[PDB]
Structure formats: C-alpha cells, structure tokens
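Okay, so here's the structure we're looking at.
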Amino acid sequence: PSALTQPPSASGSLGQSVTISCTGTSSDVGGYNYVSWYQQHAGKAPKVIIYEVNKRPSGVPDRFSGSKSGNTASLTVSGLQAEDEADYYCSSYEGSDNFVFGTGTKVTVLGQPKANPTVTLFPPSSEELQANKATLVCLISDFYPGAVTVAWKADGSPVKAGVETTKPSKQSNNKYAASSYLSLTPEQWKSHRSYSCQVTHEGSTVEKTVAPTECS
Amino acid sequence: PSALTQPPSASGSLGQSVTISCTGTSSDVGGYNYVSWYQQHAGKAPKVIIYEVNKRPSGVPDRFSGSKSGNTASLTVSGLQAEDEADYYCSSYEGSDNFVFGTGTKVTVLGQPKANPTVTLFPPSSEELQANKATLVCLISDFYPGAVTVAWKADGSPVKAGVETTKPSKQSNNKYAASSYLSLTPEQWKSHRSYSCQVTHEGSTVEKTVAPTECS
Amino acid sequence: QXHXX
C-alpha cells in the first residue's frame with residue numbers, strides 16, 4: 001500500500017537547499033533501496049531524476065541529491081534554481097508485483113512570505129441535525145504555499161473514511177484556501193466524544209477539536 | 001528526442017472502452033518487453049496499473065489490458081467507470097538506467113450524469129465567536145458537472161466583501177466539491193435577520209440561509 | 001515502475 005509518507009509543501013529561495021524526505025514501513029524494513037525520485041511540472045508526465053536511492057540517470061544536475069537510512073529517503077536540492085519549482089515523488093518496490101508511491105512534495109520557490117495555515121472547525125448545526133444529516137467542515141485558509149495535509153481523528157483515532165479535501169485555491173490575496181469535510185451520522189456523532197481536524201503545513205501541525213453537545 | 005507519442009485525450013462512456021498507445025522507438029518500446037502504465041488522477045500520485053506487457057499489480061481495477069504492438073504499446077479499459085478519468089501515462093526502459101515517459105492522455109468518460117450540489121451552510125463557531133472572529137462557510141458537495149456559481153447575501157442588497165470561494169475538486173467519485181467563506185465580525189453577523197449563500201448549477205439555483213440562532 | 005537486470 002502507499003506507505004511512503006512525504007511532506008506537502010517544501011519551499012525555498014534561490015540559493016538555499018530545500019530537502020524532501022520520504023518515510024515508510026515494514027517488510028524488509030528499509031531493506032529495499034528501490035527508492036526512486038521523480039520531478040513533474042504542471043503539464044508534464046513525471047521525469048525520473050533519481051533512483052537506487054543514491055543514483056541519478058544520464059545527466060541530472062548534481063545539485064539534486066539523494067540519501068536514505070532506516071525508514072527515510074531524502075532528496076536535497078542543493079542550491080535551488082527557479083525552475084526547480086515542481087511536484088516531487090518517492091517510489092518504493094514492496095516486492096515483485098508491488099510499487100508504492102509518495103504523497104508528493106509540491107516544492108515552491110517562494111514569491112511571498114511563507115504563510116501558516118488558518119484552520120477552523122465547524123460541527124453539524126441544529127438544523128442539519130434536524131434533517132438527519134451530519135457534516136463537519138474544516139475550512140483551511142491563508143497558507144502559502146498551497147500545500148497542506150489534513151487528517152481527521154475521531155476521539156484521537158485517525159479514521160480513514162468519509163471525507164473530502166478541496167484543492168488549494170489562490171484567493172484574491174494570493175493565499176490558499178482549502179476545505180476538508182467529513183460526513184457523519186447523528187448516531188456516530190452522538191456516540192462519540194470529540195472530532196479533530198488535524199492540518200499540517202511543512203513544519204507545523206494544527207488540530208482543532210469539536211465536541212458534541214446538545215440543546216437540540 | 002520526442003515526447004513519447006501519446007494521444008492527448010480519449011473518451012468513452014458507461015461500459016464502453018478506450019485503448020491508448022505508448023509510442024516511441026526500437027531503443028525503448030521496441031527493445032525491451034517492459035511497458036509500464038500509470039493511472040494518475042488530476043495532479044496526485046501516479047499509480048502503477050500495469051508494468052510489463054499486461055502485468056496489473058495483483059489489485060488493479062477493471063478490464064485493464066496492455067498489449068504491445070510494434071513500437072506501440074497500448075492499454076485497454078473496458079469498463080468505462082468514471083473512476084478512471086485521469087492522466088494515464090506510460091514509460092519504458094531506455095537502457096543505461098534510463099526510463100522515458102509517455103507524453104499525453106487525459107481519459108474522459110462520456111454519459112456521466114448530472115448531479116446538483118448539496119449546499120450545506122455553516123453559521124460561525126462559538127469558539128471562533130469567543131475568539132471574536134465570525135466566519136460563515138458555504139459547502140458545496142456532490143455536484144456533477146464541474147462549473148458552480150456562488151453568491152453570498154446579507155438581507156439581499158447582495159453584499160460581497162471579504163468573500164472567498166474555492167474552485168471545484170473531484171471526490172469520492174467524479175462528483176465535485178467547492179466551498180466559500182465570509183470572514184465577518186460578530187457585528188456584521190449579529191445585527192441581520194439572516195445571511196444567505198446562493199449556489200447555481202446548470203440553470204438551477206439553490207439558496208441556503210443562516211440566522212443567528214446556532215443551538216450549541 | 002522502476003523495473004529491472
């Protein structure tokens with residue numbers, strides 16, 4: 001399964017050396033060094049910039065580098081160049097028949113100040129409840145770059161179920177808005193204690209929690 | 001050399017098909033039997049759907065075939081599910097630890113039905129309200145096709161300012177999701193009879209309202 | 001894909 005976890009945004013200025021880690025798990029733990037690093041610009045099919053953890057294919061600018069130990073492979077961009085802005089991925093062969101991919105590090109050559117995400121959690125209103133409908137909305141506003149992660153916990157227990165997340169969208173202030181939503185049932189929302197929207201932005205992580213109350 | 005000839009779009013419909021070519025030379029396509037095909041949904045993780053000839057990695061959808069013919073390889077999708085509509089890439093060996101990627105193709109189902117958006121409007125959070133922040137959100141879920149138009153309203157007298165909308169994301173199906181905020185203060189919020197998010201989709205207009213009432 | 005020897 002795609003057990004190769006990667007940082008969302010990765011960003012820098014022309015010059016500094018942006019790194020892009022990639023983690024995973026199990027089997028022959030870190031016993032496979034089939035880690036391959038790929039760039040892709042927004043309109044292209046994915047260039048392979050590295051492989052066999054430490055290897056670059058014919059040419060590939062010696063400022064792109066690789067590294068790996070335990071559970072973490074890394075791709076350091078030693079001296080960011082303007083056209084280094086792109087999507088970046090990890091890949092690992094789980095065994096024969098198997099190929100595991102990363103989540104992607106959108107790397108941005110910073111135009112603005114790096115903006116840290118405003119997150120706000122809303123629970124299903126009285127009325128929606130009155131309609132046998134349960135939706136929660138985690139508005140994520142104002143980040144830069146538009147590259148975030150969202151994880152929903154129910155009583156701290158990270159549920160992989162009914163939820164979506166919008167794409168980040170350049171607001172009229174060039175900051176990115178997104179939306180993760182969760183769709184529940186007044187039984188399961190009542191039959192619980194707490195609901196977390198855990199949002200992360202390279203080098204940060206919020207978790208705002210809403211608790212079920214009543215009135216009606 | 002070339003962008004490995006790949007058609008830039010392919011259509012179909014419910015239970016129709018399409019068959020797509022990875023086209024290059026005797027160095028790569030011609031040469032070695034290993035033709036890999038990718039399923040990468042709009043901007044996200046490329047997925048290995050097939051890797052040599054027609055070698056689907058145990059757990060792959062549908063009448064997903066791969067037949068290599070000449071310098072041309074090809075994938076088949078008989079079971080035009082919406083679940084496809086994607087950027088399908090290929091890639092083959094090139095020798096010397098080199099792999100070149102196909103160029104084109106964004107797969108398009110036709111037939112796909114219209115879905116009118118469920119608009120769920122969210123009054124401000126009490127926690128946020130205590131923070132002296134009043135922010136109203138209009139959720140738009142489920143809708144197909146993809147164009148959606150939103151309006152915010154005070155008591156009519158339209159009222160825009162401090163308003164954001166996000167550009168529609170595909171979801172748990174080729175059904176879309178958008179949102180929208182009103183970053184208000186308590187004074188803009190709490191004075192009025194209500195506020196209202198009016199959403200449109202292929203002629204049809206919804207309207208969603210909120211009154212300072214909240215319950216919990 | 002990676003693939004291959």
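One-based numbering along the chain as shown.
So how was this one determined? The header says X-ray crystallography, 2.7 Å.
Here the Cβ of each residue, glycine as well, is placed from N, Cα and C on the backbone.
Feature list (source: Swiss-Prot):
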DISULFID  A:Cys22-A:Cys90  disulfide bond
REGION    A:112-216  region 'Constant (C) domain'
DOMAIN    A:117-211  domain 'Ig-like 2'
DISULFID  A:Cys138-A:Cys197  disulfide bond
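Shown on the structure are the features that Swiss-Prot records.
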{"residue": "A:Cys22", "record": "disulfide bond", "DSSP (3 states)": "strand"}
{"residue": "A:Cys90", "record": "disulfide bond", "DSSP (3 states)": "coil"}
{"residue": "A:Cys138", "record": "disulfide bond", "DSSP (3 states)": "strand"}
{"residue": "A:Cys197", "record": "disulfide bond", "DSSP (3 states)": "strand"}
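Secondary structure of the region 'Constant (C) domain' (A:112-216) per DSSP, as helix, strand and coil residue counts: 10 helix, 53 strand, 42 coil. In sequence order, A:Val119, A:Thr120, A:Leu121, A:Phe122, A:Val150, A:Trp152, A:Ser179, A:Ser180, A:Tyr181, A:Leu182, A:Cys197, A:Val199, A:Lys208 are the residues of the chain that are 6 or more apart from A:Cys138 (disulfide bond) and have a CB within less than 8 Å of its CB.
Less than 8 angstroms from the CB of A:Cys22 (disulfide bond) sit A:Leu4, A:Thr5, A:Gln6, A:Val35, A:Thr72, A:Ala73, A:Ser74, A:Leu75, A:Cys90, A:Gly102, each of them six or more residues away in the same chain. Around the Cβ of A:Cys197 (disulfide bond), a 10 Å sphere holds 26 further Cβ atoms from the protein chains shown. A:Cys90 (disulfide bond) has a Cβ environment of 29 other Cβ atoms inside 10 Å.
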